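This report refers to the structure that appears directly beneath it.
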Protein chains: 2
Amino acid sequence: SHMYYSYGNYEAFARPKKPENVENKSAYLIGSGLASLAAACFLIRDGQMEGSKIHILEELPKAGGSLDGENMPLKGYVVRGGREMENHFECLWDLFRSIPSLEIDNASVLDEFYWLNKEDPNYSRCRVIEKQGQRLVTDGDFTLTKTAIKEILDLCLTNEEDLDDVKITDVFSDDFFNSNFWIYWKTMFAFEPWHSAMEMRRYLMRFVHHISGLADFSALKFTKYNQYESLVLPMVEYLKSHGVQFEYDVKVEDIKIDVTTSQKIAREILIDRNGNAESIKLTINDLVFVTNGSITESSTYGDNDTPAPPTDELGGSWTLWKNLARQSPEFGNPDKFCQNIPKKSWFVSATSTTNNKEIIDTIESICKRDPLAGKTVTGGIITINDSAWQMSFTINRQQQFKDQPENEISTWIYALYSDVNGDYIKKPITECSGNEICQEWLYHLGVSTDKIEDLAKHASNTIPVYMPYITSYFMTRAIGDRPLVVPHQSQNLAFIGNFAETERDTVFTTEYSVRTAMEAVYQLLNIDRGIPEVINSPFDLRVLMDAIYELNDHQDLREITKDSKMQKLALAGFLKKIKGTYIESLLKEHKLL
Amino acid sequence: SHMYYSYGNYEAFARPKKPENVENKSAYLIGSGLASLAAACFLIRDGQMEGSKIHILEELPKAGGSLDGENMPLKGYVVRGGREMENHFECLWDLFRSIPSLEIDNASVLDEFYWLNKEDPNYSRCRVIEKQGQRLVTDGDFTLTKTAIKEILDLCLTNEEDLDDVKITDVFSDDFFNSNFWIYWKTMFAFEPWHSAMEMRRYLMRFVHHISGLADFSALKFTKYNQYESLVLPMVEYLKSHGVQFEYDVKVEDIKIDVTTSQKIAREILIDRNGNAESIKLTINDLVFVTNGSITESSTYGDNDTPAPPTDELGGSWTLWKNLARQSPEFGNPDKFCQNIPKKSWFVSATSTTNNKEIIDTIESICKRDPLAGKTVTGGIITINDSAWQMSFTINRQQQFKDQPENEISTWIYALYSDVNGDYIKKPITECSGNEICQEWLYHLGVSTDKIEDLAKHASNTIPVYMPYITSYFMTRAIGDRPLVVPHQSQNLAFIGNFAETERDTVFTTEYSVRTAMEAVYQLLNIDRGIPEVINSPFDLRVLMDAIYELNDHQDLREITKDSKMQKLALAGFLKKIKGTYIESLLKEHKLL
Ligand SMILES: Cc1cc2nc3c(=O)[nH]c(=O)nc-3n(C[C@H](O)[C@H](O)[C@H](O)COP(=O)(O)OP(=O)(O)OC[C@H]3O[C@@H](n4cnc5c(N)ncnc54)[C@H](O)[C@@H]3O)c2cc1C
Ligand SMILES: Cc1cc2nc3c(=O)[nH]c(=O)nc-3n(C[C@H](O)[C@H](O)[C@H](O)COP(=O)(O)OP(=O)(O)OC[C@H]3O[C@@H](n4cnc5c(N)ncnc54)[C@H](O)[C@@H]3O)c2cc1C
């Protein structure tokens with residue numbers, strides 16, 4: 001193609017030559033989420049494109065998209081969701097080592113993040129609770145049977161090309177869905193049983209190097225504040241310092257694209273700049289980066305006394321992608337992702353803010369840390385295993401908002417099941433006000449029922465959010481439902497974000513938006529530098545040995561095959577062949593012998 | 001330990017916090033070769049130690065050590081040797097992305113190197129010649145038998161701990177030593193048959209990712225000029241710009257070190273600053289970095305009419321290490337490396353400089369490129385397979401010296417066998433003047449015998465070098481013959497360079513001197529940043545598949561087991577199990593099916 005994949009320090013530390021003819025080129029980016037902001041950064045840093053020639057078109061009043069986090073007027077503090085990150089976000093760390101921190105002088109976002117997560121390393125002291133505040137007895141074990149582990153491996157051993165439209169329930173049976181592994185997995189990643197087995201396979205291979213840090217979240221890393229303040233604003237400042245044009249309340253309705261037998265060229269961007277319909281006409285030297293689709297599109301907000309009103313509106317993002325899909329099948333199949341979403345699916349998240357000491361003290365007694373100490377609190381989500389909603393909640397380092405009073409915590413809450421009565425509040429989450437969500441949560445923390453209503457109604461402000469498309473990334477798909485980052489024969493059109501198509505990597509991650517942004521800029525501008533591949537961990541023998549050990553809850557190879565002689569016989573035969581060799585040493589080194 | 005290994009961009013791009021109490025610390029570095037210069041750079045950049053507190057002590061009049069390259073007065077142009085490098089010199093590229101280029105403004109040594117090797121990618125058009133100038137018929141094939149390949153794998157499958165004092169001839173039989181593979185291997189890496197099987201195993205695993213670029217040198221990368229001008233001088237300028245003290249003609253005779261039951265502390269450096277004997281007394285906050293041993297120590301130089309005089313002098317480097325070994329067995333076993341070196345071993349290298357058109361035209365006719373064009377010429381060494389000396393020669397990009405006339409080439413020549421009469425000059429190389437080495441070389445290029453003596457004597461200036469210890473890295477060794485980079489309980493003493501002990505990596509490489517330098521600085525100062533591991537290629541399934549394909553001269557798995565039914569039966573059984581799975585896809589992707 002117009003790019004190549006690499007790994008290692010040589011390509012990481014190298015600077016690309018200024019790409020050819022970039023002086024006569026411009027860039028239009030549809031949306032101002034993380035993908036578009038990352039594409040613009042690469043355009044500045046590695047494309048050496050003029051800032052004033054880069055135009056970011058956003059339909060909302062501000063930037064960031066799904067990376068939001070704000071004190072919403074007449075409502076309260078809101079996080080549409082948190083962001084778990086990890087060391088092997090290979091592209092995203094390439095980007096943010098070049099973004100100046102807004103807190104620490106002469107340091108980058110990576111530096112401040114790197115130091116913070118060493119000062120205050122993330123881990124969970126309590127991962128799963130049940131029976132109104134009691135820690136799950138087996139918390140920390142995966143409780144996978146040998147049958148469940150085999151299905152996990154059969155899935156990874158399945159070609160991606162054979163998982164078209166296959167569901168997670170099509171490839172796993174009873175034992176797996178009964179495991180603690182599935183509890184940790186489905187909740188930390190927001191998988192539903194009807195979601196894409198293809199994506200879940202991508203996930204099993206993508207984070208295999210962190211399976212030992214799965215139950216305790218010790219592989220997770222977190223920014224200092226919410227992702228708007230810690231990621232979006234550093235990017236915007238950097239971009240603004242280079243003269244990049246930001247255009248808000250501009251809704252891209254369509255892009256007219258010539259798809260001939262030899263070329264795809266974007267010709268005109270049909271926009272609605274606040275009520276009025278206008279156009280931007282393009283040449284071949286005007287590059288268009290489309291964030292196609294969005295999980296946060298058409299979001300509604302409730303308040304402490306009002307449910308967030310459910311909706312099925314196709315907003316601008318999904319109507320744009322549909323209008324583009326009308327012009328070539330190579331531009332993807334939006335309806336696979338925005339249509340026929342089950343009403344059981346996750347729709348609602350809520351931010352519960354309180355300074356009340358009974359609430360805060362109850363959270364301390366479950367998570368074993370002071371929620372107001374300024375460090376890790378829950379270390380990630382706590383899952384209420386036996387909750388009807390399949391609800392989970394987390395308290396990040398407090399306060400997640402620079403402007404927030406230092407005696408308040410904000411708790412983020414979400415529910416995997418949206419069409420089921422709660423256990424204390426006898427309604428589905430979609431039917432619930434802020435305070436009713438809070439009440440159902442407080443009940444599962446063991447708060448005395450005598451106090452739940454008053455603590456929720458009067459000692460807390462809880463803002464709910466209804467997101468019709470929050471599960472849209474994971475909908476069952478076929479190869480081809482997502483456009484290439486640079487479709488075949490495209491001259492000036494790229495698709496970026498978590499609905500574009502690239503190899504191996506996992507969607508529902510910020511890394512995917514930076515990778516697609518990076519690959520699009522590199523291909524359209526023919527930048528002469530490698531793109532870091534998705535980390536090679538599933539091909540690494542040492543990581544595969546570790547995974548066998550971890551998946552079998554820390555049993556060596558003799559314990560594993562202990563009670564099946566057909567496999568035990570082969571082990572003895574295997575050990576005869578490898579005794580006194582380097583394979584026996586590696587296996588011992590990774591606790592398999 | 002006081003360090004950890006990592007890989008990936010997160011650790012690569014991160015900056016370490018200023019280490020604790022570094023303000024009250026100093027550094028003494030014994031030698032000014034690449035290791036010491038690299039240790040000082042890391043001390044400046046990542047240790048944030050004051051430059052004026054860093055003291056580099058060198059016995060020679062200038063810096064660089066084995067990285068030399070100069071117009072030696074009354075002699076001629078000399079390169080003690082070239083430097084093949086590769087992309088996965090993980091530590092060295094970490095270092096040199098921080099070293100400013102002396103040619104390109106606002107660019108680093110890595111940048112200029114990275115760009116140059118893309119502008120002018122290295123490859124050989126002619127790797128092995130014989131019969132006075134004819135290309136080897138099988139050049140490009142490895143001509144390994146299945147028996148030779150099995151021995152290669154049995155070696156890698158042997159624990160390092162079981163190769164103590166084992167020779168290369170102890171683990172390989174006839175077929176291997178008859179292969180083209182061994183021709184390429186022994187000459188590009190300067191292995192002798194009596195050298196350490198342990199190191200050769202380390203080499204097989206270390207560069208397994210480049211086995212496809214072995215015969216044509218397409219994996220090699222080269223600096224613009226000789227390594228003194230392109231590597232040493234950029235470092236010195238950087239170091240000097242930070243106030244580092246350089247001390248020349250200072251010979252370190254001994255370091256007094258307290259080795260107690262609980263600590264090793266260096267107390268005093270006994271020096272000879274030009275004739276006079278002096279001392280430097282140390283506290284625990286004075287760090288000492290010892291480059292122990294040297295392959296270039298005690299080098300003698302001839303000229304066009306005089307042999308370089310053979311020697312067996314222990315110079316300052318080997319006497320220093322012996323004096324240190326007298327103080328603890330934990331400081332290594334110098335005699336394994338500087339004593340009992342076979343007289344057949346490589347001792348002599350020579351730089352032949354000429355502007356003569358018959359010589360230059362003859363080289364063009366073998367290497368197929370214009371030697372004076374300013375780009376790649378031989379792409380690496382050309383090996384004269386049927387030469388009694390087992391001689392090889394290379395012409396790098398010309399001119400290798402910024403000051404050299406643009407109508408001259410310099411050819412670097414070396415011989416693996418030092419005690420055998422040449423085929424045209426009937427003497428061992430050690431007995432030969434500059435011009436006699438040149439004459440023997442010219443004969444193997446097909447130069448008409450009528451012209452050889454005059455072209456060598458009068459149309460060329462050839463400077464020979466006698467290096468008693470040039471093969472010293474590869475001498476058979478046991479675990480323990482080399483000190484840890486930071487010996488157990490050392491407080492202020494580290495050993496650096498290619499005679500120190502670290503995991504997996506290969507000596508006779510510049511990467512090893514930067515890695516040992518990096519690890520020593522990081523351990524003694526407790527720098528809070530990862531050290532990049534030796535590249536994980538021998539654990540990568542995809543690289544192991546490629547190696548099977550390449551080692552079997554590009555045969556798939558059916559061709560390989562074609563004529564052994566005991567293995568063919570197992571293949572059929574293997575293929576039954578994996579058909580329609582992702583393993584079958586990977587194998588096809590890597591040409592094994
Ligand atoms: C609740 C939640 C939790 C998450 N947790 C994690 C996590 O733990 N770890 C992780 O790695 N990732 C997480 N993510 C994912 C990450 O936040 C998203 O993947 C990422 O922000 C996607 O960014 P994007 O730029 O690709 O698109 P989006 O974030 O969806 O942004 C699209 C933007 O474009 C604008 N736009 C859309 N259509 C149009 C149009 N037609 N015209 C003009 N403008 C338009 C929108 O206004 C929006 O600003 C989470 C996301 C959510 C919602
Ligand atoms: C001919 C040749 C070809 C090579 N080719 C390659 C190649 O292709 N690729 C590759 O990666 N590497 C190659 N190398 C290796 C690389 O050049 C060396 O590994 C590297 O330079 C070692 O540096 P060092 O600092 O570890 O020690 P040295 O280079 O040996 O330097 C030691 C220095 O310390 C000084 N010193 C020694 N003892 C004392 C003392 N007692 N007191 C004071 N000062 C002292 C010496 O004067 C010298 O300057 C080659 C080396 C040679 C000789």
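Every chain in the structure tokens has a letter given in the order shown (A, B, ...), and although residue numbers restart at 1 in each chain, ligands are simply numbered from 1 in the order shown.
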Any residue with an atom at most 6 Å from ligand 2 counts, using only C-alpha atoms and all ligand atoms. Which are they? Put them as a PDB file with N, CA and C atoms, in the first residue's frame.
ATOM      1  N   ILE B  30      36.239   4.555  32.218  1.00  0.00           N
ATOM      2  CA  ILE B  30      37.576   4.084  31.868  1.00  0.00           C
ATOM      3  C   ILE B  30      37.580   3.735  30.386  1.00  0.00           C
ATOM      4  N   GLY B  31      38.289   4.526  29.595  1.00  0.00           N
ATOM      5  CA  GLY B  31      38.224   4.421  28.153  1.00  0.00           C
ATOM      6  C   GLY B  31      37.263   5.441  27.566  1.00  0.00           C
ATOM      7  N   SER B  32      37.450   5.738  26.277  1.00  0.00           N
ATOM      8  CA  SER B  32      36.535   6.631  25.567  1.00  0.00           C
ATOM      9  C   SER B  32      36.047   5.989  24.274  1.00  0.00           C
ATOM     10  N   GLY B  33      35.975   4.663  24.262  1.00  0.00           N
ATOM     11  CA  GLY B  33      35.259   3.951  23.232  1.00  0.00           C
ATOM     12  C   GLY B  33      33.759   4.237  23.295  1.00  0.00           C
ATOM     13  N   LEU B  34      33.023   3.485  22.472  1.00  0.00           N
ATOM     14  CA  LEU B  34      31.593   3.718  22.313  1.00  0.00           C
ATOM     15  C   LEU B  34      30.831   3.477  23.615  1.00  0.00           C
ATOM     16  N   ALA B  35      31.252   2.490  24.406  1.00  0.00           N
ATOM     17  CA  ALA B  35      30.529   2.171  25.637  1.00  0.00           C
ATOM     18  C   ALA B  35      30.572   3.346  26.612  1.00  0.00           C
ATOM     19  N   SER B  36      31.781   3.839  26.887  1.00  0.00           N
ATOM     20  CA  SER B  36      31.959   4.956  27.803  1.00  0.00           C
ATOM     21  C   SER B  36      31.262   6.205  27.293  1.00  0.00           C
ATOM     22  N   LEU B  57      38.369   8.988  30.919  1.00  0.00           N
ATOM     23  CA  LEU B  57      39.807   8.761  31.022  1.00  0.00           C
ATOM     24  C   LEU B  57      40.239   7.815  29.906  1.00  0.00           C
ATOM     25  N   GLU B  58      41.003   8.330  28.962  1.00  0.00           N
ATOM     26  CA  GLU B  58      41.470   7.561  27.822  1.00  0.00           C
ATOM     27  C   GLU B  58      42.976   7.519  27.718  1.00  0.00           C
ATOM     28  N   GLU B  59      43.520   6.350  27.437  1.00  0.00           N
ATOM     29  CA  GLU B  59      44.965   6.184  27.303  1.00  0.00           C
ATOM     30  C   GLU B  59      45.506   6.687  25.970  1.00  0.00           C
ATOM     31  N   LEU B  60      44.672   6.781  24.938  1.00  0.00           N
ATOM     32  CA  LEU B  60      45.108   7.222  23.619  1.00  0.00           C
ATOM     33  C   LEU B  60      44.981   8.734  23.497  1.00  0.00           C
ATOM     34  N   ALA B  63      39.506   9.950  21.127  1.00  0.00           N
ATOM     35  CA  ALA B  63      38.352   9.159  21.532  1.00  0.00           C
ATOM     36  C   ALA B  63      37.930   8.193  20.428  1.00  0.00           C
ATOM     37  N   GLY B  64      37.065   7.246  20.799  1.00  0.00           N
ATOM     38  CA  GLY B  64      36.404   6.363  19.857  1.00  0.00           C
ATOM     39  C   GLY B  64      36.786   4.895  19.982  1.00  0.00           C
ATOM     40  N   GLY B  65      38.033   4.607  20.346  1.00  0.00           N
ATOM     41  CA  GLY B  65      38.473   3.226  20.500  1.00  0.00           C
ATOM     42  C   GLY B  65      38.412   2.448  19.206  1.00  0.00           C
ATOM     43  N   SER B  66      37.625   1.370  19.202  1.00  0.00           N
ATOM     44  CA  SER B  66      37.497   0.530  18.017  1.00  0.00           C
ATOM     45  C   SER B  66      36.697   1.187  16.894  1.00  0.00           C
ATOM     46  N   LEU B  67      36.022   2.309  17.161  1.00  0.00           N
ATOM     47  CA  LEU B  67      35.278   3.078  16.157  1.00  0.00           C
ATOM     48  C   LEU B  67      36.161   4.082  15.411  1.00  0.00           C
ATOM     49  N   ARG B  80      40.302   0.563  10.941  1.00  0.00           N
ATOM     50  CA  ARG B  80      40.555  -0.696  11.634  1.00  0.00           C
ATOM     51  C   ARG B  80      39.447  -1.707  11.340  1.00  0.00           C
ATOM     52  N   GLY B  81      38.210  -1.236  11.153  1.00  0.00           N
ATOM     53  CA  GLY B  81      37.198  -2.047  10.491  1.00  0.00           C
ATOM     54  C   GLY B  81      35.942  -1.248  10.240  1.00  0.00           C
ATOM     55  N   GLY B  82      35.032  -1.849   9.462  1.00  0.00           N
ATOM     56  CA  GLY B  82      33.732  -1.258   9.200  1.00  0.00           C
ATOM     57  C   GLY B  82      32.738  -1.536  10.323  1.00  0.00           C
ATOM     58  N   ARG B  83      31.495  -1.068  10.133  1.00  0.00           N
ATOM     59  CA  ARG B  83      30.413  -1.312  11.100  1.00  0.00           C
ATOM     60  C   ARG B  83      29.093  -1.559  10.368  1.00  0.00           C
ATOM     61  N   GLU B  84      28.740  -2.831  10.222  1.00  0.00           N
ATOM     62  CA  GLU B  84      27.395  -3.225   9.838  1.00  0.00           C
ATOM     63  C   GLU B  84      26.425  -2.986  11.001  1.00  0.00           C
ATOM     64  N   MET B  85      25.328  -2.288  10.730  1.00  0.00           N
ATOM     65  CA  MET B  85      24.293  -2.072  11.738  1.00  0.00           C
ATOM     66  C   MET B  85      22.957  -2.562  11.194  1.00  0.00           C
ATOM     67  N   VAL B 250      45.897   9.182  29.590  1.00  0.00           N
ATOM     68  CA  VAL B 250      45.783   8.788  30.990  1.00  0.00           C
ATOM     69  C   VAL B 250      45.479   7.294  31.001  1.00  0.00           C
ATOM     70  N   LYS B 251      46.384   6.510  31.569  1.00  0.00           N
ATOM     71  CA  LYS B 251      46.273   5.058  31.549  1.00  0.00           C
ATOM     72  C   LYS B 251      45.858   4.590  32.932  1.00  0.00           C
ATOM     73  N   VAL B 252      44.681   3.976  33.023  1.00  0.00           N
ATOM     74  CA  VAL B 252      44.202   3.431  34.289  1.00  0.00           C
ATOM     75  C   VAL B 252      44.884   2.084  34.489  1.00  0.00           C
ATOM     76  N   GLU B 253      45.729   1.988  35.519  1.00  0.00           N
ATOM     77  CA  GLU B 253      46.436   0.746  35.791  1.00  0.00           C
ATOM     78  C   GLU B 253      45.641  -0.191  36.680  1.00  0.00           C
ATOM     79  N   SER B 294      39.608  -5.236  25.496  1.00  0.00           N
ATOM     80  CA  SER B 294      39.433  -4.545  24.225  1.00  0.00           C
ATOM     81  C   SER B 294      39.987  -5.385  23.083  1.00  0.00           C
ATOM     82  N   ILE B 295      39.238  -5.418  21.983  1.00  0.00           N
ATOM     83  CA  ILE B 295      39.667  -6.148  20.804  1.00  0.00           C
ATOM     84  C   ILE B 295      40.699  -5.368  20.011  1.00  0.00           C
ATOM     85  N   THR B 296      40.793  -4.055  20.209  1.00  0.00           N
ATOM     86  CA  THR B 296      41.728  -3.217  19.473  1.00  0.00           C
ATOM     87  C   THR B 296      42.961  -2.844  20.284  1.00  0.00           C
ATOM     88  N   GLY B 316      47.217  -1.504  28.308  1.00  0.00           N
ATOM     89  CA  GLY B 316      46.553  -1.051  29.513  1.00  0.00           C
ATOM     90  C   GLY B 316      45.205  -1.710  29.764  1.00  0.00           C
ATOM     91  N   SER B 317      44.453  -2.000  28.708  1.00  0.00           N
ATOM     92  CA  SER B 317      43.106  -2.533  28.898  1.00  0.00           C
ATOM     93  C   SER B 317      43.145  -3.919  29.525  1.00  0.00           C
ATOM     94  N   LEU B 320      44.551  -3.859  33.034  1.00  0.00           N
ATOM     95  CA  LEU B 320      43.563  -3.333  33.977  1.00  0.00           C
ATOM     96  C   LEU B 320      42.566  -4.413  34.386  1.00  0.00           C
ATOM     97  N   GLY B 497      30.586  -2.572  27.850  1.00  0.00           N
ATOM     98  CA  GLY B 497      31.210  -3.006  26.613  1.00  0.00           C
ATOM     99  C   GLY B 497      30.999  -4.484  26.354  1.00  0.00           C
ATOM    100  N   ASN B 498      31.699  -4.975  25.339  1.00  0.00           N
ATOM    101  CA  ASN B 498      31.491  -6.325  24.833  1.00  0.00           C
ATOM    102  C   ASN B 498      32.226  -7.402  25.632  1.00  0.00           C
ATOM    103  N   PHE B 508      30.618  -8.403  19.776  1.00  0.00           N
ATOM    104  CA  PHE B 508      31.083  -7.873  18.488  1.00  0.00           C
ATOM    105  C   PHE B 508      30.037  -6.981  17.819  1.00  0.00           C
ATOM    106  N   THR B 509      29.207  -6.280  18.595  1.00  0.00           N
ATOM    107  CA  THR B 509      28.294  -5.299  18.020  1.00  0.00           C
ATOM    108  C   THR B 509      28.349  -3.999  18.802  1.00  0.00           C
ATOM    109  N   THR B 510      28.148  -2.892  18.088  1.00  0.00           N
ATOM    110  CA  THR B 510      28.026  -1.610  18.768  1.00  0.00           C
ATOM    111  C   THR B 510      26.802  -1.577  19.684  1.00  0.00           C
ATOM    112  N   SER B 513      27.669  -2.486  23.248  1.00  0.00           N
ATOM    113  CA  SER B 513      28.310  -1.449  24.055  1.00  0.00           C
ATOM    114  C   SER B 513      27.299  -0.385  24.519  1.00  0.00           C
TER     115      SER B 513
END
Handout entry: Selection: 8 Å around stretch 97-101 of chain A, only C-alpha atoms, excl. self and same-chain fewer than 4 positions, as a count of residues only
Key = 14
Handout entry: 8 Å contact set for residue B:218, only C-alpha atoms, chain neighbours under 5 positions out, as a ChimeraX atom specification
Key = /B:121-124,213
Practice task
Can you check which residues of chain A have any atom within 8 Å of chain B? Use only C-alpha atoms and format it as a count of residues only.
Solution key: 36
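We find atom CA of residue A:133 and atom CA of residue A:375 to be spaced 22.2 Å apart.
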Fill in the blank from the handout: Computed gap from atom CA of residue A:552 to atom CA of residue A:568 is 15.7 Å
Problem - Filtered DSSP result for stretch 297-455 of chain A, state alpha helix (DSSP H), as a PyMOL selection string - result: chain A and resi 316-325+335-338+357-367+434-444+449-455
Handout entry: Residue nearest ligand 1 among A:79, A:429, A:204, A:518 (counting only C-alpha atoms and all ligand atoms)
Key =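 Using only C-alpha atoms and all ligand atoms, the shortest distance to ligand 1 belongs to A:79.
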Exercise for the section: Compile the contact shell of stretch 344-348 of chain A as an MDAnalysis selection string: residues with an atom at most 6 Å away, counting only C-alpha atoms, same-chain residues fewer than 6 positions apart removed. Expected result: chainID A and resid 415:419 465:468
C-alpha atoms of the current selection, written as a short mmCIF file (atom, residue, chain, number, x, y, z; two decimals), in the first residue's frame:
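File out_8.cif, as written:
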data_model
loop_
_atom_site.label_atom_id
_atom_site.label_comp_id
_atom_site.auth_asym_id
_atom_site.auth_seq_id
_atom_site.Cartn_x
_atom_site.Cartn_y
_atom_site.Cartn_z
CA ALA A 415 -25.91 -1.14 33.21
CA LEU A 416 -25.52 -3.88 30.63
CA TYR A 417 -29.25 -4.79 30.70
CA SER A 418 -31.65 -2.00 29.82
CA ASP A 419 -35.05 -3.78 29.69
CA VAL A 465 -27.44 9.75 29.86
CA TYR A 466 -29.29 7.76 27.21
CA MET A 467 -26.98 6.67 24.37
CA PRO A 468 -28.85 4.81 21.63
#
Handout entry: Best match for closeness to ligand 1 among A:313, A:511, A:589, A:358, counting only C-alpha atoms and all ligand atoms
Key =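 Comparing A:313, A:511, A:589, A:358 against ligand 1, the winner is A:511.
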Exercise for the section: Kindly give the distance, in Å, that separates atom CA of residue B:283 and atom CA of residue B:255, rounded to a single decimal. Expected result: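 Answer for the atom CA of residue B:283 to atom CA of residue B:255 separation: 12.8 Å.
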Practice task
Determine the nearest neighbour of residue A:221 from the options A:116, A:560, A:420, A:373, counting only C-alpha atoms.
Solution key: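 Ranking A:116, A:560, A:420, A:373 by distance to residue A:221, first place goes to A:116.
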Completion exercise
In terms of only C-alpha atoms, the residue from B:248, B:77, B:177, B:194 at minimal distance from residue B:409 is B:77
Problem - Top pick for closest residue to ligand 1, considering A:515, A:357, A:25, A:590 and counting only C-alpha atoms and all ligand atoms - result: A:515
